[PDB]
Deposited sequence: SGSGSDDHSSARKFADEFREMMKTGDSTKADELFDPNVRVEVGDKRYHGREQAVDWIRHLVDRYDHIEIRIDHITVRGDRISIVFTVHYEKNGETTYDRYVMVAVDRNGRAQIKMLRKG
């Protein structure tokens, strides 16, 4: 289940699909990207779509998936390529399984 969830999240991150986001994001999801803070599905989707529009390629690698009780923690790195320069970010994501896992927090870390 946790791996399926991570795979779906990676696929959603390619296109910023709103339908997928409705399934994967908690309605009150918090996304922290350095100084910028997003709240809710719509802002989380817009954040993803801005990335998709800006970079030549985005590679997402799921590094760690850990489950403790109903808590799913995923550490992933994102490689953003733009005009021969690549930026290497790392994110930590907390999702809660309630049968149905939903992302509560996504933070650049």
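- Residues of the deposited sequence lacking C-alpha coordinates, counted from 1, fall in the stretches 1 to 9, 108.
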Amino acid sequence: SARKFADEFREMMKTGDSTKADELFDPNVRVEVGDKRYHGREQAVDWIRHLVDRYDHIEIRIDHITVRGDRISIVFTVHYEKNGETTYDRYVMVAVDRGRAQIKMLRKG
From here on, numbers count along this sequence of modelled residues.
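- Legend: mean Cα B-factor per stretch from the PDB entry, 83 to 91 versus 20 to 28; the higher mean is in 20 to 28.
- Of the two segments examined, 99 to 107 and 2 to 10, it is 99 to 107 that shows the higher average Cα temperature factor in the deposited entry.
- Take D70, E59, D63, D46 and read off each C-alpha B-factor from the entry; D46 has the highest.
- Per the PDB record, residue ranking by Cα B-factor puts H39 in the lowest third of the chain.
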